[PDB]
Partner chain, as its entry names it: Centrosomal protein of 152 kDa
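Only one chain is given next, in structure tokens, and it is the form solved without the partner chain.
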């Protein structure tokens, strides 16, 4: 009784800008509509062809599957070809098992994009703070005006000094063992993170009550 949820949640492409990533086996697109397409590609004599398409909704719950050109395929393009009347469609929890891995190409890619997609940008006296869209436990980058950079993940905290010297902090035991000057930077970043999380929370609540256009992303303040 292994399920698709076991492996992944439904992807979430809201507020993400269009982007197209080409690998050897698959091409993955976030469209202008915020739908996510996986084009599966075969090479026939120095030319890429699209033989299968998965068209996933922006909330990841609906998967439409089709085979361009009645299974013969079309040459690869900038955009994925459109469905005809010949389609199969599934809900997330009804998607057959053979499509699971191909859904993951999309999930994994959407998580990557989110993790580099600014949700809240917050200019301080010393830093530019960015909370990314890949919640929960979203990434947080802090670009100090003097050149220092701190990047928080749910796995580690990377620090890059002005030199370009860099190291990872995998622990909380590690955090405190630093050189005081670096602990100041780290403190400012934690301050910035708290503020961005509070504002995310309150603005999100207002968004939910308000029938209107998105309140994200936001840019708060300006650079000195």
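Residue numbers count along the first chain shown, from 1. For the two forms, the rigid core is made up of the largest set of C-alpha atoms that agree within 1.5 Å on superposition.
In what follows, reference is made to the form deposited with the partner chain bound, a form of this protein that is not presented.
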| query | finding |
| --- | --- |
| The partner chain in the deposited complex reached by all of 19, 40 and 143, non-hydrogen atom within 4.5 Å | yes |
| Contact of residue 26 with the partner chain in the deposited complex (heavy atom, 4.5 Å) | yes |
| Exercise: residue 118 in contact with the partner chain in the deposited complex, heavy atom 4.5 Å | yes |
| 4.5 Å heavy atom contact, residue 108 and the partner chain in the deposited complex | yes |
| The partner chain contact at residue 152 in the deposited complex, heavy atom, 4.5 Å | no |
| Listed residue (76, 113, 138, 95) with a non-hydrogen atom within 4.5 angstroms of the partner chain in the deposited complex | 113 |
| Rigid-core fit between the shown form and the other one, the member of 190, 64, 69, 33 whose C-alpha shifts 2 angstroms or more | 69 |
| Flag for residue 15, CA shift 2 Å or larger between the shown form and the other one after aligning core | no |
| Core-aligned CA displacement of residue 209 at least 2 Å between the shown form and the other one | no |
| Direction of C-alpha distance change in the deposited complex, residue 71 to residue 35 (at least 3 Å) | farther |
